[PDB]
Amino acid sequence: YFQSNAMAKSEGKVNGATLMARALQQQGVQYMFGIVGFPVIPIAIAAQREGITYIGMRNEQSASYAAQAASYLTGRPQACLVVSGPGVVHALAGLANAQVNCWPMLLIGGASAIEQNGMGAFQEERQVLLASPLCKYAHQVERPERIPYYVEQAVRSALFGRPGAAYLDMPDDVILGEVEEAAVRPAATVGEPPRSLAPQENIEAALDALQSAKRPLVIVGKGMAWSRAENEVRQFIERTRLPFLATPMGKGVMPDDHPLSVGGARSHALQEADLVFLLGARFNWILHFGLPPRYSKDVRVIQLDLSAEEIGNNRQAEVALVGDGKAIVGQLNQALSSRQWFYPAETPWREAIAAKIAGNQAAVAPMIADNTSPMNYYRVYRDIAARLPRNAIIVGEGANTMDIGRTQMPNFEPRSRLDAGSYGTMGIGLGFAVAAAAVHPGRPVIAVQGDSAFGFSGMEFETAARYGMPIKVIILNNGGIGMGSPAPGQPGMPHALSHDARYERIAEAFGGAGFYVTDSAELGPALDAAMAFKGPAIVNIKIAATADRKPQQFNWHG
Amino acid sequence: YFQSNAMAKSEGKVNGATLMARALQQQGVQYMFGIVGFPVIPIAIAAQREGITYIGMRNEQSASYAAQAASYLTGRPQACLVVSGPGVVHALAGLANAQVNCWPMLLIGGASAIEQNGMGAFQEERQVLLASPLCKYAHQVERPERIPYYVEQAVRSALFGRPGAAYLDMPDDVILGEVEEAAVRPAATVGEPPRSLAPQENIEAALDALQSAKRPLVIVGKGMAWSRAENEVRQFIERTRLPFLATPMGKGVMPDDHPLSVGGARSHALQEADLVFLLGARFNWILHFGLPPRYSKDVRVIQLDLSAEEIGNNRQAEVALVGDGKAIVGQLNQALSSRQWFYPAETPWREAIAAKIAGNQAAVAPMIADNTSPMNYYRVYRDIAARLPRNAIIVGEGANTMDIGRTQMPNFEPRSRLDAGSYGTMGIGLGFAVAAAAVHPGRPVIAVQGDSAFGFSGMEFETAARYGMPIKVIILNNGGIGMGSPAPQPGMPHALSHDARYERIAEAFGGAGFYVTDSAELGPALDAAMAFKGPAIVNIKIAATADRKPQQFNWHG
Amino acid sequence: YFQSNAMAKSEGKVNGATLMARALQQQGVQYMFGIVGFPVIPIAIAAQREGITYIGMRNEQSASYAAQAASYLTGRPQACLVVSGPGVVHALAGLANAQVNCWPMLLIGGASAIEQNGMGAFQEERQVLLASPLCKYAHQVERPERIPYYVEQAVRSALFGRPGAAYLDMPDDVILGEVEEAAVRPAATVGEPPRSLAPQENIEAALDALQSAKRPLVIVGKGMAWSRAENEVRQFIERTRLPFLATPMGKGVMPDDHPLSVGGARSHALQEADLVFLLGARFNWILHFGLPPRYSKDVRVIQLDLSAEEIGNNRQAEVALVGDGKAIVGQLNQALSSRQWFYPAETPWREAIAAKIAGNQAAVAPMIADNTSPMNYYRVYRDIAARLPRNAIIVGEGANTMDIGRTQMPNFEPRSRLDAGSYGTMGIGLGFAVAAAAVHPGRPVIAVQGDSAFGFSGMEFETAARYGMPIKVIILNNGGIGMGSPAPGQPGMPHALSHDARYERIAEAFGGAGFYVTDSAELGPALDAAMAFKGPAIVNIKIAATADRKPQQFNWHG
Ligand SMILES: C[C@@H](O)C(=O)SCCNC(=O)CCNC(=O)[C@H](O)C(C)(C)COP(=O)(O)OP(=O)(O)OC[C@H]1O[C@@H](n2cnc3c(N)ncnc32)[C@H](O)[C@@H]1OP(=O)(O)O
Ligand SMILES: C[C@@H](O)C(=O)SCCNC(=O)CCNC(=O)[C@H](O)C(C)(C)COP(=O)(O)OP(=O)(O)OC[C@H]1O[C@@H](n2cnc3c(N)ncnc32)[C@H](O)[C@@H]1OP(=O)(O)O
Ligand SMILES: CC1=C(CCOP(=O)(O)OP(=O)(O)O)SC(O)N1Cc1cnc(C)nc1N
Ligand SMILES: CC1=C(CCOP(=O)(O)OP(=O)(O)O)SC(O)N1Cc1cnc(C)nc1N
Ligand SMILES: CC1=C(CCOP(=O)(O)OP(=O)(O)O)SC(O)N1Cc1cnc(C)nc1N
Ligand SMILES: Nc1ncnc2c1ncn2[C@@H]1O[C@H](COP(=O)(O)OP(=O)(O)O)[C@@H](O)[C@H]1O
Ligand SMILES: Nc1ncnc2c1ncn2[C@@H]1O[C@H](COP(=O)(O)OP(=O)(O)O)[C@@H](O)[C@H]1O
Ligand SMILES: Nc1ncnc2c1ncn2[C@@H]1O[C@H](COP(=O)(O)OP(=O)(O)O)[C@@H](O)[C@H]1O
Ligand SMILES: [Cl-]
Ligand SMILES: [Cl-]
Ligand SMILES: [Mg+2]
Ligand SMILES: [Mg+2]
Ligand SMILES: [Mg+2]
């Protein structure tokens, strides 16, 4: 009818939803995760018309988590789309997690019409006010002709400097409001984030300090992965022959099988190093604040970070390298060519690191070899690690499940491990997996979660099936939070869940493949069948209720 | 060993977790929904030792929704317990919903140790700052000896006046910090919320206005359900013979089968009334702001609300009745004893209401009787409504599923319907159902959700199974958000999985699962699900294009 | 007497007030402006014991403005000390002004005792929450032993990166609480803010663009004055021969009498430039957003700013130079030597600039020479400018008084003009003057305020007299806000004040010298006497009610 090409069409006007979609596409947004509804249905449809991939989720929580993981994987702010009111409130989880991890993110939240403000409109809410404490940038788009301006400013703010979350509030009457095409002020395309360099004397001072250290340690954080500095870091470590330690999501910047990794002697390396070189890593709880009882009280610090305000937190920095990871390590490699220095091939430090790695390997070897059922964590990961392709993207989530999987699942390329992060968040699991499968559909995506962690976002398995994402979900079920629990007229323990739950049947609700494992003899065949199945799958593994990690001198939290 | 009763034990000291547990119990907290972890594990354990019922959920979203539902059902603030950092941020969902619905709740969020503030500690976060815009009350507990003070003040703030959410921040070193039991200052027990009355002239002016109206309408909102005013409201309606309209969760304050209800002629009643008596209901979007095009421009308003600031919002109130719903309607009943007036037995207003009711009944009658498969919404509810016990607690969630279920599922007692509420929230479904099953285990609990709504909180079925809650989950699956979609070109943003076998989720956790696609299967499946001694899911594949009855006005406008 | 040295004393403990004083002194805080009272009296007393200069003001509003001006003048965060409750709320003015100008400052606010929280204590308030939106950093000090930690972190957060305000909340029980001196954990001394450099290809790209421009313009902002980049900028301008425009408080980075200044042809220079080089200046309202109708639609931008997120705001930047102004201009000077280029001595661009300067000079020449009484603004500034020493510190505040004074009072060294700034704030006048008199007591401090501006902070004249600060306050009184008003059965107009007010008698209330000027013949002798008076002085000049600035093609705001 009105879709006949023979009829006269106005064709001069454009509405806010369309301008938003074009601006997002211009600014490099390729993925949009969310849940539609009033008033954002036109936004999702217009985004699809511009070629943006829209992924409809089952909860805004996972959608806001998927958005920032896709941002991390692409190096580019990607979008989360939620409805007014509780849509935005649900998505506050992702804003908080993206702020704490320094990951970019664009949350687009619908709002009730401006003309109804004050009246008690449907899902009326002070949305910019609620989001502001968790965002680098948060603003309401008051008029549709200003959409290109706001999308450019929001993307730029989220991407430049220390990355973080941006929020755009889209009222209903702005989404549907129309303006003349020829009257809309265009906006420039946001390019690559600016890279800054360190002063030359800071470069030379860092090398001076490295040459003088008896027990140096390089710590590779996920700031280097975000900076895409892996080439420069690998050259720097190879030329200096310096021992290095990867952070949880810094794994892969250096290959985990590199002979200079101290990952198997982590506590001794932190305890005994006289100099620590922080590469895109913070002295927060992940690295135990750089302070006793985990470090020498007199540890010297070279700190490379883009955030000037981060320099010297908790432990003073002897040499500060403020700027971009890739750029500054490039400076170090250039300055190394004039020094002709490397850490000597034989030092007591190297011998102590090697002895500790072998001691820790012998401590967990019987647990890895133990075929008895119900299985311990290390036995389970023996079969899992042996079936992980070298280009896989690993999502890990839980307490023991995640921590033990971190040391038992090596990464050989950067940006290939996504876990609970600097916020210790449960609920990122399947959202991260959906984002990884959307961004890199040619690579296998394996999520290894505990039974508690799986419950936070397990409904998103339907999302993966609906979009043909062959995500492999492996659940390590001990029947509780961190540990199992003997079944109780006493009430159930607060940490207890269901040890006999058949989570794999959730995969069969949505056309995926489900596998249940209780004996070690079943694990191999089940994992083989799950990996070969052309589609998403769940392997539910009932592990020992009392299985625990390797004993250590220090508690992880302390 | 150290627990041998022969061993000398020092018993003088108590820590913050135990103080928190004793204070919550003293203040009437019987239910605590949450997810444990650093640092709140001692709090949940201590709560159970005091006899508090701890319910471990699967997401803090549902835990915060369950807490406010339990508060609405019990009449006292109930607790939601979450870990530091993302635990609180996940729980902000429930604070906002409780704020908007004027429902109390107490959120107890753990926090990182005070002595590590600034260091980038595990899950360090400005938690009070984040929660403050969503709460009536939000404060950190800085020392464990002040826990009785803060619990009393938080519960009192949540419960008294216009109810709302309260937040208490519990740092790790306060939870584990010890004090001498004899040195802790006790706190008074928070009693019932104060009830206030209206001036006598306002009472008389309200009754004078009722006598003068040609087309009066009483609107009964959930503020009367919160106020426990059902006895007084029923006496008021039976005395005055006035037509009434229930709001969505005001259903049941008056029985939905009462002959004075105008529910089946709702649009006509709002449009043509010359006087509206608001009982604990707002002129917000749920009542279309009391303005055109849904009301007469000159509609006269009697407004009963506890909140003085709410009086006259959008539409001016000719008579204001600021105070408690139960006390004020009691005043009206007492003042009516001196008047011979009642709304007459036969008026053109009654005839117009009755005719419009019959017209809407005949408009939906063919759909209710249509046994065509895949079924429409009204046909599905024909079998559901015939099997709902009259004392059931009904949870409704979705768009078409919820709105059509609102008209097809009558409630005969108050506080027995829990739905998306004033915030239009998807995600409250199984959290509300778990709350209802915990508070009223002797009553049946039936949640009717759309397929989209179920996806928000479906994992909480494991919670119901783990606690032996025989919740009956009925899913109306059209394969999308509000309506279905043809199979795919990428999938439509609103599309879900029409062929999904959601009922197998019940079988993951020991419940009964039922799949219905034909009308002949619906009856036997509902029979078996209601009779099964445990939780159950009935997954009904409905027509992808089934819709609600056509109306003159869109619900939103 | 308990003060006799013969008596045994404890000496082993220290309270929070003393730890705060020692930490502030260690971190380079030399000046503390505030008003004492519960609970901060011990803090100011302890600060004086460590040698910190305490300045007791008459309103926290001016104290908070003084602290940030002293921070700008010293290059390090200086302190404002206020009481609980309304003391902090009064001081929010300074936090907002410091945020908008990117100036550092440390606000120290007392709080009611922690043990009384919730009870309705005296001046109990959510002080961190109120201050947080206006601060880079805001935190409460919960225990006295962590004071060194928080002071270090607050000073560093205010000073590093883009500077801004930091707030520390000091409860009464923390101020008076005692700890063992040997158990207090020390904190490192905050050094100079880190400097970052631009990548070399960006440096060369900037020089390439400069060589290609037909009508280039360098804009020198107060970011270069903060960065102490004046010598690098002066070398760059001398070697490139580029015309330059100074921003309001950028005046002095280049001397105002420099022949390359386009200040006398500002509108034409911005309108016609084909390339603009922003040096530590933003495209905000002060530079008219870098957009039409004040700029060419195709103007090319080289942008030097420390804040990566600011790059490309309103007008896209062709070359981004993210880093420190001093460091990056140093790179440009070094890279300039590799080439053989300067902007030619004879171009149509230079002729157009010189013609507009001469035209604008001839437009105001009659007003400057007009001895008519009541005097116009330009006539008043003829006598003021002739008596301003070349090393003076000038404070300007008002509308016409400030804007006309900006062009009539040249500065020849940087950081010597303090005015309403990027926030357009009235109320900074005597607070800025007191700060300048405290930081540079060996230099003359002259504040030229309109009559409305003086009323905001005029009581601080007592502060100047109490501390022996010979501040010279010159008031231009037209009897209203922006303009005069005829005498009023009619109420006074909202902008009207008192044209016949004798503000100079305020000086005689506090021991200063007051001078009243109505005729041009009195102006010179009055200024001579005020400048020679060995103390603070007020010269109250009753100017014409309808005196105005020279007409322009565009309104300053637009
Ligand atoms: C789609 C997706 O992207 C979304 O973003 S959605 C967002 C989620 N959405 C919500 O959160 C909205 C919740 N929505 C509401 O809260 C209600 O919608 C209101 C706002 C209160 C309006 O109310 P309401 O207009 O819907 O009225 P009600 O539901 O009571 O009844 C309907 C018609 O059935 C007639 N009727 C009643 N009873 C019987 C009977 N027994 N037999 C025959 N007919 C009957 C009655 O008379 C009327 O017909 P009428 O009188 O107008 O001709
Ligand atoms: C409503 C009222 O109550 C208020 O609420 S107020 C609020 C308080 N308000 C503020 O907070 C804003 C302060 N305002 C500014 O920040 C400036 O306003 C800008 C925004 C930077 C624009 O700048 P500007 O347009 O004012 O230009 P500038 O002041 O530099 O010079 C003026 C004209 O004099 C020419 N000129 C310069 N030097 C000489 C000389 N030596 N001889 C002869 N002529 C000269 C120059 O060329 C130009 O003339 P043009 O080129 O346009 O023809
Ligand atoms: C529940 C929970 C965990 C599960 C461990 O149990 P799971 O079965 O997943 O793994 P297990 O250790 O192999 O048994 S960790 C944790 O910190 N936490 C608290 C926690 C709760 N909520 C949020 C949002 N973030 C959290 N961080
Ligand atoms: C998804 C969604 C709905 C489901 C309708 O689809 P469902 O299958 O549940 O029911 P149907 O109508 O029978 O098909 S309603 C709605 O407002 N909304 C948007 C919505 C999204 N997120 C949140 C927190 N609140 C919302 N309100
Ligand atoms: C009153 C006022 C001004 C005085 C001009 O009158 P004044 O006698 O000082 O100078 P005149 O122009 O020579 O007469 S400017 C201005 O923006 N403003 C509004 C103004 C008010 N309050 C604050 C905090 N900031 C402001 N910016
Ligand atoms: N391009 C970049 N170059 C260098 N550092 C960066 C860059 N982007 C972000 N960073 C910094 O990297 C740090 C990441 O630290 P963190 O998340 O604690 O690492 P990890 O958790 O791996 O130890 C942040 O402090 C952030 O400021
Ligand atoms: N005890 C009480 N007595 C009277 N009114 C109350 C009481 N408690 C709450 N209210 C009011 O009841 C109203 C509920 O309105 P609303 O949630 O819009 O109801 P509905 O959704 O049923 O229309 C709120 O405005 C609240 O102030
Ligand atoms: N050390 C520094 N080097 C370079 N730029 C800086 C430095 N410190 C601050 N800046 C920048 O200087 C800019 C000041 O701009 P603005 O206050 O608008 O100047 P003006 O008002 O003089 O135009 C801010 O954007 C700030 O980020
Ligand atoms: Cl019961
Ligand atoms: Cl000096
Ligand atoms: Mg577990
Ligand atoms: Mg549906
Ligand atoms: Mg004036």
# chains A, B, ... in the order shown; residues from 1 in each chain; ligands from 1
call {"tool": "residues_near_ligand", "arguments": {"ligand": "ligand 9", "cutoff": "6 Å", "atoms": "only C-alpha atoms and all ligand atoms", "output": "list in words"}}
result
residues 440, 441, 442 and 443 of chain B
call {"tool": "interface_residues", "arguments": {"of": "chain A", "to": "chain C", "cutoff": "8 Å", "atoms": "only C-alpha atoms", "output": "PyMOL selection string"}}
result
chain A and resi 153+156-157+160-161+188+193-199+307-309+313+316+320+322-323+327
call {"tool": "write_last_selection", "arguments": {"atoms": "N, CA and C atoms", "output": "PDB file, in the first residue's frame"}}
result
ATOM      1  N   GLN A 153      30.076  12.644  21.491  1.00  0.00           N
ATOM      2  CA  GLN A 153      30.670  13.004  22.775  1.00  0.00           C
ATOM      3  C   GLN A 153      30.660  11.822  23.736  1.00  0.00           C
ATOM      4  N   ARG A 156      33.303   9.204  22.534  1.00  0.00           N
ATOM      5  CA  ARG A 156      34.634   9.741  22.800  1.00  0.00           C
ATOM      6  C   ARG A 156      34.963   9.694  24.290  1.00  0.00           C
ATOM      7  N   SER A 157      34.028  10.135  25.136  1.00  0.00           N
ATOM      8  CA  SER A 157      34.269  10.126  26.577  1.00  0.00           C
ATOM      9  C   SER A 157      34.504   8.711  27.091  1.00  0.00           C
ATOM     10  N   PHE A 160      38.233   7.551  25.242  1.00  0.00           N
ATOM     11  CA  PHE A 160      39.486   8.273  25.427  1.00  0.00           C
ATOM     12  C   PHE A 160      39.863   8.329  26.907  1.00  0.00           C
ATOM     13  N   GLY A 161      41.156   8.530  27.163  1.00  0.00           N
ATOM     14  CA  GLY A 161      41.643   8.524  28.531  1.00  0.00           C
ATOM     15  C   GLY A 161      41.455   7.161  29.176  1.00  0.00           C
ATOM     16  N   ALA A 188      31.776  14.498  13.858  1.00  0.00           N
ATOM     17  CA  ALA A 188      32.969  13.815  13.382  1.00  0.00           C
ATOM     18  C   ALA A 188      33.013  12.385  13.911  1.00  0.00           C
ATOM     19  N   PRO A 193      41.859   6.011  20.298  1.00  0.00           N
ATOM     20  CA  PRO A 193      42.173   6.795  21.495  1.00  0.00           C
ATOM     21  C   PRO A 193      43.588   7.339  21.422  1.00  0.00           C
ATOM     22  N   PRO A 194      43.808   8.568  21.885  1.00  0.00           N
ATOM     23  CA  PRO A 194      45.160   9.137  21.838  1.00  0.00           C
ATOM     24  C   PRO A 194      46.121   8.346  22.711  1.00  0.00           C
ATOM     25  N   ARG A 195      47.326   8.141  22.192  1.00  0.00           N
ATOM     26  CA  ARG A 195      48.405   7.518  22.941  1.00  0.00           C
ATOM     27  C   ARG A 195      49.389   8.598  23.372  1.00  0.00           C
ATOM     28  N   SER A 196      49.827   8.534  24.625  1.00  0.00           N
ATOM     29  CA  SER A 196      50.788   9.487  25.156  1.00  0.00           C
ATOM     30  C   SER A 196      52.072   8.762  25.529  1.00  0.00           C
ATOM     31  N   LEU A 197      53.178   9.499  25.500  1.00  0.00           N
ATOM     32  CA  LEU A 197      54.499   8.958  25.777  1.00  0.00           C
ATOM     33  C   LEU A 197      55.048   9.529  27.078  1.00  0.00           C
ATOM     34  N   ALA A 198      56.034   8.823  27.637  1.00  0.00           N
ATOM     35  CA  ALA A 198      56.696   9.277  28.848  1.00  0.00           C
ATOM     36  C   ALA A 198      57.911  10.130  28.500  1.00  0.00           C
ATOM     37  N   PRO A 199      58.305  11.042  29.390  1.00  0.00           N
ATOM     38  CA  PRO A 199      59.537  11.802  29.158  1.00  0.00           C
ATOM     39  C   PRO A 199      60.734  10.869  29.097  1.00  0.00           C
ATOM     40  N   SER A 307      46.526   6.456  33.761  1.00  0.00           N
ATOM     41  CA  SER A 307      45.939   7.361  34.744  1.00  0.00           C
ATOM     42  C   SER A 307      47.046   7.919  35.633  1.00  0.00           C
ATOM     43  N   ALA A 308      47.293   9.229  35.530  1.00  0.00           N
ATOM     44  CA  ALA A 308      48.300   9.858  36.377  1.00  0.00           C
ATOM     45  C   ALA A 308      47.930   9.748  37.851  1.00  0.00           C
ATOM     46  N   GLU A 309      46.639   9.871  38.172  1.00  0.00           N
ATOM     47  CA  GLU A 309      46.205   9.801  39.564  1.00  0.00           C
ATOM     48  C   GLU A 309      46.441   8.430  40.189  1.00  0.00           C
ATOM     49  N   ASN A 313      49.575   4.775  44.279  1.00  0.00           N
ATOM     50  CA  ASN A 313      48.536   4.314  45.191  1.00  0.00           C
ATOM     51  C   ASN A 313      49.054   3.168  46.051  1.00  0.00           C
ATOM     52  N   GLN A 316      54.420   3.755  46.958  1.00  0.00           N
ATOM     53  CA  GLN A 316      55.028   4.795  46.139  1.00  0.00           C
ATOM     54  C   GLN A 316      55.698   4.200  44.904  1.00  0.00           C
ATOM     55  N   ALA A 320      57.759   6.738  37.511  1.00  0.00           N
ATOM     56  CA  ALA A 320      56.408   6.841  36.975  1.00  0.00           C
ATOM     57  C   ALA A 320      56.469   6.908  35.456  1.00  0.00           C
ATOM     58  N   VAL A 322      53.622   7.534  32.919  1.00  0.00           N
ATOM     59  CA  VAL A 322      52.229   7.874  32.655  1.00  0.00           C
ATOM     60  C   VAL A 322      52.035   8.025  31.153  1.00  0.00           C
ATOM     61  N   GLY A 323      51.128   7.237  30.597  1.00  0.00           N
ATOM     62  CA  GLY A 323      50.846   7.260  29.178  1.00  0.00           C
ATOM     63  C   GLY A 323      50.311   5.915  28.731  1.00  0.00           C
ATOM     64  N   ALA A 327      52.646   2.544  23.587  1.00  0.00           N
ATOM     65  CA  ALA A 327      53.594   3.597  23.233  1.00  0.00           C
ATOM     66  C   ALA A 327      54.807   3.593  24.154  1.00  0.00           C
TER      67      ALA A 327
END
call {"tool": "atom_distance", "arguments": {"atom1": "CA of residue 179 in chain B", "atom2": "CA of residue 149 in chain B"}}
result
14.6 Å
call {"tool": "closest_residue", "arguments": {"among": "C:492, C:73, C:261, C:84", "to": "ligand 10", "atoms": "only C-alpha atoms and all ligand atoms"}}
result
C:73
call {"tool": "residues_near_ligand", "arguments": {"ligand": "ligand 5", "cutoff": "8 Å", "atoms": "only C-alpha atoms and all ligand atoms", "output": "list in words"}}
result
residues 397, 398, 399, 400, 401, 402, 420, 423, 424, 425, 426, 427, 449, 450, 451, 452, 453, 454, 476, 477, 478, 479, 480, 481, 482, 483 and 484 of chain C
call {"tool": "select_by_dssp", "arguments": {"residues": "range 360-550 of chain A", "states": "strand (DSSP E)", "output": "PyMOL selection string"}}
result
chain A and resi 393-397+417-418+445-450+472-477+513-517+537-542
call {"tool": "residues_near_ligand", "arguments": {"ligand": "ligand 7", "cutoff": "8 Å", "atoms": "only C-alpha atoms and all ligand atoms", "output": "number ranges by chain"}}
result
B: 100-102, 161-163, 193, 195, 220-224, 226-228, 246-250, 279-284, 286-287, 304-307, 310, 322-326, 421-422
